[PDB]
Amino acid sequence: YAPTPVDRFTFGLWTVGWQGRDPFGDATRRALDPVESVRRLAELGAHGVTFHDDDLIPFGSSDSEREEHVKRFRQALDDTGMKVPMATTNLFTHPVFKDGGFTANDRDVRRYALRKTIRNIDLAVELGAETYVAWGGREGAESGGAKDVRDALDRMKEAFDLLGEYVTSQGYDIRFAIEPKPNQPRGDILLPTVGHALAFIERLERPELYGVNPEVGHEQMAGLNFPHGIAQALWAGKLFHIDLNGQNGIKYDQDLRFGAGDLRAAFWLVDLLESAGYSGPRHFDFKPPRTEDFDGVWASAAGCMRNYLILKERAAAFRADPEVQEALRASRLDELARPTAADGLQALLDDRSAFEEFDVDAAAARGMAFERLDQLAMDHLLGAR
């Protein structure tokens, strides 16, 4: 199960380069030079990398240090053939962002957050990124009175509408993806799920420039079904990007490697992405645990990819299995894909078979045969057919 660049696997620089600092402990690993991560990931078979501004250029770097960092990184991309499909901004680490960036109560901070983002959009475009992610990790509150949410949503829409004016006036071909998270590091984060992000999009001045970048474990932090959410984002035509990882239930953000956490959910996610022809990057936003040395970091990264390809093969087997096709029919999945009333409203109202003469008892008595189907899915997932 060997990845190739045609699999479009990507990694954040902050992923394999996580040092292991957690709220109760110090770093357990040395910093990695982004050049060195690009080389190592290229060897493992990745397609590309992603970055926040501050991962690539140390906060408070001069225009000339900034130059030199970008040039070195550009050489590593040239030497390995790695691409940069997505970039993002850090509006969460520096103390100035303690109450948010775009929805900080202090106006001067909201202004600075905009300008910091605009500077990186330009960079992202120079390096060939097609999608620009926004994760408002600091947009939220620990207390009720601290954030008037309606005002916050105004400010949030104001910032996104301004980004969108910028990119339109510059003629850039970059689209935006909002990344929802329900909590952590704030007590409650604004736009906490895929639905909240999707709803909010529809209120921007130019909605066609914005989609979502949902993350497996974030939605699972609210106990939601991640494939269902992704199906809703696909149905809206808004799945611009996706972050893949693992989460063991409702608890702090674990960012385990893909396939770890809820495995069956990983299976139905891959089945969905592949059957709906999602063609974007398969981006891993994971942290190798702080128990690991560098060898462990590379093994965790490889494991991400391996588990995708294994789950890709089993889901493909599932759907090609004639016995599965027969069960899908037994379960009336085919009828679900037929319109309920293509005949129209009037015809429905005049059709006695839909009400006055509908046999509710006999309809009630039909089993759905879902358990047989789900065990077929289990046997395929475990390679036990």
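The first residue of the sequence shown is number 1, and the count goes up from there.
- Stretches compared: 261 to 269, 114 to 122. Higher mean C-alpha B-factor in the entry: 114 to 122.
- Once the C-alpha B-factors are averaged per stretch, 219 to 227 and 128 to 136 rank with 128 to 136 first.
- Note on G187, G195, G100, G81: the highest value goes to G81, judged by CA B factor as recorded.
- The top Cα temperature factor in the record, among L41, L336, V35, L328, falls on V35.
- When the modelled residues of the chain are ordered by their C-alpha B factor, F51 lands in the lowest third.
- Split the chain's modelled residues into thirds by C-alpha temperature factor. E205 is in the highest one.
- In the PDB entry, a CA B factor belonging to the middle third of its chain's modelled residues is recorded for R155.
- Among all modelled residues in this chain, the alpha-carbon of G25 has a temperature factor (C-alpha) in the middle third.
- In this PDB entry, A363 carries a Cα temperature factor that places it within the middle third of its chain's modelled residues.
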